[PDB]
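Okay, so here's the structure we're looking at.
Read-outs throughout are calculated quantities, based only on the coordinates presented, and are distinct from any laboratory measurement. All Cβ positions, even for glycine, are placed from backbone atoms using ideal geometry, and neighbour counts span all protein chains on display.
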Amino acid sequence: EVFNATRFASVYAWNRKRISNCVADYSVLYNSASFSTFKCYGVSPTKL
Amino acid sequence: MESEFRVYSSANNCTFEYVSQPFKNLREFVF
Ligand SMILES: *[C@@H]1O[C@H](CO)[C@@H](O)[C@H](O)[C@H]1NC(C)=O
C-alpha cells in the first residue's frame, strides 16, 4: 500500500517514514527481477 | 458532553505505538 500510493512526494519536501513492528519481505521486491540498478558497492546480496 | 479530549501533545516523535485490545476486584499491578 505504501509503494502503490496515488501521490508521490516532492523533491524539496522529502517524506521520511519510520517502520516498527514489521518484517523485511525482500522476496516481494526481488521477484520482479527488475533490479537494474545493482550499484551495491560495499555490500553483498547473500549476507542479507 | 465531550470529555475525551486531549491537551497539547505536540507528538514530536511518537514512533512506538502499541494500540491493542485490553467490592470490585482488587487490581494489582507491578511495573
Ligand atoms: C522523532 O522523529 C522526528 C521526525 O521528524 C524528529 O523531528 C524528532 O526530533 C524525533 N524525536 C525524537 C528523536 O525523540
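In the stretch A:15-41, the residues that are within 14 Å of chain B (Cβ to nearest Cβ) form Cβ pairs under 7 Å with partners that are within 16 Å of the ligand (Cβ to nearest atom) and not basic (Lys, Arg), at six or more places apart or across chains, as follows: A:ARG18/B:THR15; A:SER20/B:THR15; A:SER20/B:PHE16. Kindly establish whether A:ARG7 is within 16 Å of the ligand (Cβ to nearest atom) and of a type outside the set (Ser, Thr, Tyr). Judged against the criteria, A:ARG7 is not a match.
Here are some conditions: (1) over 13 Å from the mean Cα position of the chain (by Cα); (2) under 23 Å from B:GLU17 (Cα atoms); (3) more than 16 Å from the ligand (Cβ to nearest atom). A:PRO45 meets all but one. Which one does it not meet? That leaves (2) as the condition not met.
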